[PDB]
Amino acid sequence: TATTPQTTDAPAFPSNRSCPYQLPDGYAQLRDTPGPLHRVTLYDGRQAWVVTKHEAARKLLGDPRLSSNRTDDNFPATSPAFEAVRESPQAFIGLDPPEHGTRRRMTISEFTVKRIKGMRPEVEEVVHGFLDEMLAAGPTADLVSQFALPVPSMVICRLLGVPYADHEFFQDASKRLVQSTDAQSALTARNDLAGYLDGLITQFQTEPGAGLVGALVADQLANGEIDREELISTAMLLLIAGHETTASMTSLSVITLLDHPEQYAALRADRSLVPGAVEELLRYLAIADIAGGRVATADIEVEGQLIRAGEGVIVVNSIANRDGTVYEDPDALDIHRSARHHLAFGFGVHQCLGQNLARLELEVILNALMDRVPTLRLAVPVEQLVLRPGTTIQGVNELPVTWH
């Protein structure tokens, strides 16, 4: 059997967090090793590169030789579940220029600074809505199911024109898809959403409707500028991204802030600090840290290392956000620091489309919690919480809380 030292120069990747707001030990090890790249071993034994420094992450995310095509044979699959995406049609997150741009520009109008400003009343109403329900009822509560998830779900459903009456079905399907550990579970959840979305489209062709899905049906689809299957994939991307990301940030931010009480107190005492604290929480929690998979379509030299055509690269933004050449004392939460230039939303042509909606939601959420529930606290110890694995969007599925 295996009788000799087990040390490797290609550690298994991804790794799981042990603390909700710290790098897994393996990732801290990658962060420490000099050089922009490091070999890793994926779940199926294939080797890939991870990018572990901040400037090299921007350079590689900006390089069009690193393709986002998830259907490529050599795309770095991080779990068996990925096989679902490899064989399903692709929203623009998986396209490269010029096709990427033609699809992304069909959606941008809903996410402009002006549209996001105009959404503030609505976001505050939904947030205070779910709080007055949770507070009317009294502690204890699961903050995830009573607040963290339904808030961004309601907001994104409205933007998309997806009926909130249907929330139990699609929230369930979103979770199963994103947290799937096998191909078959992922495929089923994807087929569930696809069928639901496909029915919604035919409805709008009969009776034009509000929201982005309504607009896409009435314009681009009727002009044959998007295929019906691409519309489904696009809507599914926005639906899932709109649900799962903000919800994960909300629960992890509560946990993290309650663990740094001096900074949470500073935050409450000066609300002009909230936008900066949001950026710092984004930098520090990096909830989509493996949403940086790429395949090289040509050889790329990186500071004397060679990524060859055909090789998988993952730009790991959690690690990149802990680069001490950019953020002094990178592992310290500091809501006053400049968290400018962080990579929690990526960089370049695929930088998060929803990033300013997420910023608005989190600002409104933190202000509301501080205003309405200043006594909020965890109902259980941090160590008792169950953290999702490193193969999915970071966070917790349950968060017990109590208050006055």
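Here the rigid core means the biggest group of C-alpha atoms that line up within 1.5 Å when the two forms are laid on top of each other. Note that residue numbering follows the sequence shown and begins at 1.
Core fit done; bigger CA RMS in 6 other deposited structures of this protein for 307 to 315 or for 286 to 294? Per-stretch check in 6 other deposited structures of this protein: the more divergent one is 286 to 294.
To spell it out: superpose each other structure in 6 other deposited structures of this protein onto this one by the rigid core, compute Cα RMS over structures and residues for 138 to 146 and for 153 to 161. Which is larger? Result of the core-fitted comparison in 6 other deposited structures of this protein: 138 to 146 deviates more.
Select between 31 to 39 and 351 to 359 the stretch whose C-alpha atoms have the higher average B-factor in the entry. Per the PDB entry, the higher value belongs to 31 to 39.
Stretch with the greater mean C-alpha B-factor as recorded in the entry, comparing 369 to 377 against 57 to 65: Between 369 to 377 and 57 to 65, it is 369 to 377.
Quick one: which of 256, 248, 185, 220 has the biggest Cα B-factor according to the entry? If I rank 256, 248, 185, 220 by C-alpha B-factor, first place goes to 185.
Maximum C-alpha temperature factor, selected from 124, 198, 323, 280: If I rank 124, 198, 323, 280 by C-alpha B-factor, first place goes to 198.
For residue 275, return the chain-relative third of its C-alpha B-factor as stated in the PDB record: lowest, middle or highest. Its C-alpha B-factor, which the entry lists for residue 275, ranks in the lowest third among residues of this chain.
Third of the chain, ranked by Cα B-factor, where residue 394 sits: For residue 394, whose C-alpha B-factor we compare with every modelled residue in the chain, the answer is the lowest third.
Third assignment of residue 158 from its chain's C-alpha B-factors: According to the entry, residue 158 has a C-alpha B-factor in the chain's middle third.
Comparing against every modelled residue in the chain, figure out the third that the C-alpha B-factor of residue 79 lands in (lowest, middle or highest). Highest third of the chain for residue 79's C-alpha B-factor.
What third of the chain does residue 118 rank in for C-alpha temperature factor, lowest, middle or highest? Highest third.
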